[PDB]
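The block underneath contains the structure these notes are about, expressed in structure tokens.
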Amino acid sequence: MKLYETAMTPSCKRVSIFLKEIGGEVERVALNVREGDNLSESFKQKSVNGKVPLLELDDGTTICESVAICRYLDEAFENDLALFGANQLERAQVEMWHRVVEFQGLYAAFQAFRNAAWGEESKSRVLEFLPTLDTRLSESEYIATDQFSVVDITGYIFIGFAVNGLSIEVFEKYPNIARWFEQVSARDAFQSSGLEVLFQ
Amino acid sequence: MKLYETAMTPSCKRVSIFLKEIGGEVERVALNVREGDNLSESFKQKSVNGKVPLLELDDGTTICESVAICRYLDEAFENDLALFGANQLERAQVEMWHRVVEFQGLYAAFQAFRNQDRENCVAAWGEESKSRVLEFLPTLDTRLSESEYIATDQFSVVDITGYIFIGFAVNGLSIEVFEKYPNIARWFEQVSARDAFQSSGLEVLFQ
């Protein structure tokens, strides 16, 4: 299999960090950037959502969506990190908190970043979610469960959006997010994630 | 366990259809509708997202988000439907197509139905959201010309979500989907005939 990606974009970094966490290695194929994760006119039919990252299997089957690629790669490389949840309850809690972080945090941050009235509304929803996330991190070491999971990769990208893309002073105002972020950003798999340049 | 729900709302019907498919039974607790779409009352802190449906386990743990509730129930009631996918590839394709249908279809249909755009008011965002629904429908129709179901060749949770999405488009947004997209129509005729979808309230779900 091979992973099609652009050089420095949040969607692709979600998969890159996941792969480093589980100790997997997948051949990369670099693509040109189009506009909004987009693929070229001649390359877009390979991707159902029309975007990178794109995982291509040996017979030509392609999987798009960063989380879908991560799920496939989780089963491709034996590992003990259980990033989608170690037991039945954790698997449901991971699903719950992943969708909460994605809808209330990541997607709103994306909308606010690329944008004026909807971008401002999207930014307000980000600001309203941060106290909810901070309160959660005051009573749980990680977002979804007591252990590091894929939700923490997604949350890290979301907070990276908020601080480095939207100029929100998250860490000044929310010490529990800051505690968790300091912890997660120290993990080996997050090094050279491009955080400092990812949201320029 | 207990499932907290309101009487006739799409998010709760997503769980109800799934539970019927896998042959599970869970005690239901009716709640009042609080508008704001699916929002809970002053008891909302038991729900991380503040909405119904809400699953409460025997030990008091609560799980919100319809798909997360379905994932737990799938393991709680052993079944051979493999609604999340039967093997590694199917599980990834389910995840891929579920997210495509949810973002590009269902979520946009919700926003158009309930309606905040680039230098605009709330009405223009609803019109923009409706245009996104219309742009995704050809992609779904082309998929259903090559696959019997949305995510794979087998019925999966994505087809439950697609059914709710197309219900939104036709019965909520007055889009003549079936006239223009015969493969969606074929698939919808097939899925809407399943026993678990009977009495889903389709005719009244989007009033």
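Just remember, in the structure tokens the first chain shown is A, the second B, etc., residues are 1-based per chain, and ligands are 1-based in the order shown.
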
Residues within 6 Å of range 178-195 of chain A, only C-alpha atoms, excluding chain neighbours under 3 positions, as an mmCIF file with C-alpha atoms, in the first residue's frame:
```cif
data_model
loop_
_atom_site.group_PDB
_atom_site.id
_atom_site.type_symbol
_atom_site.label_atom_id
_atom_site.label_comp_id
_atom_site.auth_asym_id
_atom_site.auth_seq_id
_atom_site.Cartn_x
_atom_site.Cartn_y
_atom_site.Cartn_z
ATOM 1 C CA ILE A 17 1.064 11.023 13.783
ATOM 2 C CA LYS A 20 4.213 6.940 14.179
ATOM 3 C CA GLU A 21 2.229 6.084 17.318
ATOM 4 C CA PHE A 171 -3.229 28.122 27.178
ATOM 5 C CA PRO A 175 -4.826 25.424 32.259
ATOM 6 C CA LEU A 198 1.242 23.681 10.029
#
```

Dump as a PyMOL selection string the residues of chain A that approach chain B to within 8 Å, counting only C-alpha atoms. chain A and resi 48-49+63-65+67-69+71-72+75+88-89+91-93+95-96+99-100+115-119+121

File dump, residues just selected, N, CA, C and O atoms, as a tab-separated table (two decimals), in the first residue's frame:
```tsv
chain	number	residue	atom	x	y	z
A	48	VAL	N	-13.03	9.63	-2.91
A	48	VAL	CA	-14.48	9.81	-2.78
A	48	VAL	C	-14.80	11.22	-2.30
A	48	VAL	O	-15.73	11.86	-2.80
A	49	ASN	N	-14.05	11.72	-1.32
A	49	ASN	CA	-14.24	13.09	-0.85
A	49	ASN	C	-13.41	14.10	-1.63
A	49	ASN	O	-13.52	15.31	-1.37
A	63	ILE	N	-8.81	4.44	-0.02
A	63	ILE	CA	-9.53	4.84	1.18
A	63	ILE	C	-9.17	6.30	1.47
A	63	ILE	O	-7.99	6.62	1.63
A	64	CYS	N	-10.18	7.16	1.50
A	64	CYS	CA	-10.03	8.55	1.92
A	64	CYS	C	-10.66	8.73	3.30
A	64	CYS	O	-11.18	7.78	3.89
A	65	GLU	N	-10.62	9.98	3.80
A	65	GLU	CA	-10.97	10.36	5.18
A	65	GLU	C	-9.87	9.93	6.15
A	65	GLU	O	-9.56	8.74	6.24
A	67	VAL	N	-9.64	9.59	9.37
A	67	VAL	CA	-9.97	8.62	10.42
A	67	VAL	C	-10.17	7.23	9.83
A	67	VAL	O	-9.82	6.21	10.45
A	68	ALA	N	-10.75	7.15	8.62
A	68	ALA	CA	-10.91	5.86	7.96
A	68	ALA	C	-9.56	5.23	7.63
A	68	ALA	O	-9.38	4.02	7.76
A	69	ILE	N	-8.61	6.05	7.18
A	69	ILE	CA	-7.27	5.55	6.90
A	69	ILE	C	-6.61	5.06	8.19
A	69	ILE	O	-5.99	3.99	8.22
A	71	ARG	N	-8.11	3.91	10.87
A	71	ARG	CA	-8.72	2.64	11.27
A	71	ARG	C	-8.14	1.48	10.48
A	71	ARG	O	-7.81	0.43	11.05
A	72	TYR	N	-7.99	1.64	9.16
A	72	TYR	CA	-7.37	0.59	8.35
A	72	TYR	C	-5.95	0.30	8.82
A	72	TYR	O	-5.55	-0.86	8.98
A	75	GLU	N	-5.49	-1.77	12.04
A	75	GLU	CA	-5.60	-3.21	11.84
A	75	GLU	C	-4.45	-3.76	11.00
A	75	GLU	O	-4.19	-4.97	11.04
A	88	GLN	N	-14.82	-2.59	25.15
A	88	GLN	CA	-16.10	-2.20	24.58
A	88	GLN	C	-16.50	-0.79	25.00
A	88	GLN	O	-16.88	0.04	24.16
A	89	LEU	N	-16.42	-0.49	26.30
A	89	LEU	CA	-16.80	0.84	26.77
A	89	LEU	C	-15.87	1.91	26.19
A	89	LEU	O	-16.34	2.95	25.72
A	91	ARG	N	-14.22	1.86	23.46
A	91	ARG	CA	-14.47	2.04	22.03
A	91	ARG	C	-15.65	2.97	21.80
A	91	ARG	O	-15.63	3.80	20.88
A	92	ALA	N	-16.69	2.86	22.64
A	92	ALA	CA	-17.84	3.75	22.52
A	92	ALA	C	-17.51	5.16	23.01
A	92	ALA	O	-18.00	6.15	22.46
A	93	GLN	N	-16.70	5.26	24.07
A	93	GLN	CA	-16.31	6.58	24.56
A	93	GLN	C	-15.40	7.29	23.57
A	93	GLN	O	-15.52	8.50	23.35
A	95	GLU	N	-15.49	6.86	20.30
A	95	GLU	CA	-16.40	7.32	19.25
A	95	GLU	C	-17.15	8.58	19.68
A	95	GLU	O	-17.28	9.54	18.91
A	96	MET	N	-17.65	8.59	20.92
A	96	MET	CA	-18.41	9.73	21.42
A	96	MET	C	-17.55	10.99	21.46
A	96	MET	O	-17.92	12.03	20.91
A	99	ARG	N	-16.34	12.41	17.97
A	99	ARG	CA	-17.33	13.18	17.24
A	99	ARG	C	-17.58	14.53	17.90
A	99	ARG	O	-17.80	15.54	17.21
A	100	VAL	N	-17.55	14.57	19.23
A	100	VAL	CA	-17.71	15.84	19.94
A	100	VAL	C	-16.56	16.78	19.61
A	100	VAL	O	-16.77	17.93	19.22
A	115	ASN	N	-12.40	31.08	6.56
A	115	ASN	CA	-13.16	32.31	6.41
A	115	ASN	C	-12.42	33.48	7.07
A	115	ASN	O	-12.99	34.22	7.87
A	116	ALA	N	-17.63	36.20	6.19
A	116	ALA	CA	-17.07	36.59	7.48
A	116	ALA	C	-18.03	36.26	8.62
A	116	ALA	O	-17.61	35.88	9.71
A	117	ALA	N	-19.34	36.40	8.36
A	117	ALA	CA	-20.32	36.18	9.42
A	117	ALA	C	-20.38	34.71	9.84
A	117	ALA	O	-20.60	34.42	11.02
A	118	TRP	N	-20.20	33.78	8.89
A	118	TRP	CA	-20.16	32.37	9.27
A	118	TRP	C	-18.83	32.01	9.91
A	118	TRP	O	-18.79	31.20	10.85
A	119	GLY	N	-17.73	32.58	9.42
A	119	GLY	CA	-16.45	32.36	10.06
A	119	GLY	C	-16.43	32.88	11.49
A	119	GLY	O	-15.87	32.24	12.38
A	121	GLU	N	-19.15	33.21	13.37
A	121	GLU	CA	-20.00	32.29	14.12
A	121	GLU	C	-19.27	30.99	14.43
A	121	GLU	O	-19.38	30.45	15.54
```

Please identify all polymer residues within 7 Å of residue 81 in chain B, counting only C-alpha atoms, omitting same-chain residues fewer than 2 positions from it, and present them as number ranges by chain. B: 22, 79, 83

For the strand (DSSP E) assignment from backbone DSSP, which residues of chain B qualify? Please present them as a PyMOL selection string. chain B and resi 2-5+27-30+54-56+62-64

How would the residues just picked look written out with N, CA and C atoms as a compact mmCIF listing (two decimals), in the first residue's frame?
```
# COMPACT_ATOMS: atom_id res chain seq x y z
N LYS B 2 -30.63 1.79 29.74
CA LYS B 2 -31.74 2.66 29.39
C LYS B 2 -31.32 3.58 28.25
N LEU B 3 -32.27 3.87 27.36
CA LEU B 3 -32.07 4.77 26.23
C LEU B 3 -33.01 5.96 26.38
N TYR B 4 -32.45 7.14 26.60
CA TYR B 4 -33.22 8.38 26.72
C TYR B 4 -33.39 9.00 25.34
N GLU B 5 -34.63 9.32 25.00
CA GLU B 5 -34.94 9.76 23.64
C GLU B 5 -36.18 10.63 23.67
N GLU B 27 -34.64 -0.64 27.46
CA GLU B 27 -35.71 0.15 28.05
C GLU B 27 -35.59 1.60 27.60
N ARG B 28 -36.70 2.17 27.15
CA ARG B 28 -36.73 3.55 26.68
C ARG B 28 -37.27 4.46 27.76
N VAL B 29 -36.70 5.65 27.87
CA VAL B 29 -37.21 6.70 28.75
C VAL B 29 -37.51 7.91 27.88
N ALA B 30 -38.77 8.33 27.86
CA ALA B 30 -39.17 9.49 27.08
C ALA B 30 -38.77 10.78 27.79
N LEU B 54 -29.37 9.39 24.46
CA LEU B 54 -28.41 9.18 25.54
C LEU B 54 -28.60 7.77 26.06
N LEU B 55 -27.53 6.98 26.04
CA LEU B 55 -27.55 5.61 26.55
C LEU B 55 -26.96 5.58 27.95
N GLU B 56 -27.67 4.93 28.88
CA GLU B 56 -27.22 4.82 30.26
C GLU B 56 -27.00 3.35 30.58
N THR B 62 -22.85 7.02 31.02
CA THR B 62 -23.66 7.51 29.91
C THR B 62 -22.82 7.69 28.65
N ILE B 63 -23.45 7.40 27.51
CA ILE B 63 -22.84 7.52 26.19
C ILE B 63 -23.80 8.34 25.33
N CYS B 64 -23.30 9.43 24.75
CA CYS B 64 -24.06 10.22 23.79
C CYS B 64 -23.44 10.06 22.40
```

For each of B:131, B:113, B:186, B:200, take the minimum atom-to-atom distance to residue 171 in chain B, counting only C-alpha atoms, then give the residue where this is smallest.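 That would be B:113, the residue with the smallest distance to residue 171 in chain B.
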
Compile the contact shell of residue 187 in chain B as a compact mmCIF listing (two decimals) with C-alpha atoms, in the first residue's frame: residues with an atom at most 9 Å away, counting only C-alpha atoms, same-chain residues fewer than 2 positions apart removed.
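Okay, result_23.txt is ready:
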```txt
# COMPACT_ATOMS: atom_id res chain seq x y z
CA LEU B 144 -25.23 3.35 -5.88
CA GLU B 148 -25.71 -2.34 -3.90
CA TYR B 149 -25.27 -0.43 -0.63
CA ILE B 150 -23.43 2.79 0.16
CA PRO B 182 -32.73 6.40 -10.01
CA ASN B 183 -29.91 4.58 -8.21
CA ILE B 184 -30.66 6.39 -4.96
CA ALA B 185 -34.31 5.54 -5.62
CA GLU B 189 -36.82 1.38 -2.21
CA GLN B 190 -34.69 -1.57 -1.09
CA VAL B 191 -33.64 -0.21 2.31
CA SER B 192 -37.04 1.29 3.18
```

Residue contacts of residue 107 in chain A (9 Å, only C-alpha atoms) excluding same-chain residues fewer than 6 positions away, as an NGL selection string: :A and (101 or 122 or 158)

Could you pull the residues within 6 Å of residue 94 in chain A, counting only C-alpha atoms, minus those fewer than 4 positions along the same chain, as a ChimeraX atom specification? /A:90,98,144

Selection to disk with N, CA, C and O atoms, as a PDB file, in the first residue's frame:
```
ATOM      1  N   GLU A  90     -14.558   1.670  26.230  1.00  0.00           N
ATOM      2  CA  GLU A  90     -13.621   2.653  25.692  1.00  0.00           C
ATOM      3  C   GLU A  90     -13.867   2.903  24.208  1.00  0.00           C
ATOM      4  O   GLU A  90     -13.732   4.038  23.734  1.00  0.00           O
ATOM      5  N   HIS A  98     -14.648  11.550  20.072  1.00  0.00           N
ATOM      6  CA  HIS A  98     -14.090  11.921  18.775  1.00  0.00           C
ATOM      7  C   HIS A  98     -15.065  12.806  18.010  1.00  0.00           C
ATOM      8  O   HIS A  98     -14.692  13.861  17.489  1.00  0.00           O
ATOM      9  N   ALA A 144     -10.755  11.186  25.822  1.00  0.00           N
ATOM     10  CA  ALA A 144     -11.818  10.194  25.696  1.00  0.00           C
ATOM     11  C   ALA A 144     -11.856   9.214  26.859  1.00  0.00           C
ATOM     12  O   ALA A 144     -12.944   8.815  27.293  1.00  0.00           O
TER      13      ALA A 144
END
```

Find the spatial neighbours of residue 39 in chain B, counting only C-alpha atoms, within a cut-off of 7 Å - ignore same-chain residues fewer than 3 positions away - and output them as a count of residues only. 6

Which one of A:109, A:29, A:197, A:55 sits closest to residue 155 in chain A if you count only C-alpha atoms?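 Among the listed residues, the smallest separation from residue 155 in chain A belongs to A:109.
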
What are the DSSP helix (DSSP H, G or I) residues of range 32-185 of chain A, as number ranges by chain? A: 44-46, 66-76, 88-114, 117-139, 150-165, 170-173, 175-184

Considering only C-alpha atoms, state which residue in the set B:195, B:59, B:37, B:146 is at the smallest distance from residue 8 in chain B.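 Between B:195, B:59, B:37, B:146, the residue approaching residue 8 in chain B most closely is B:37.
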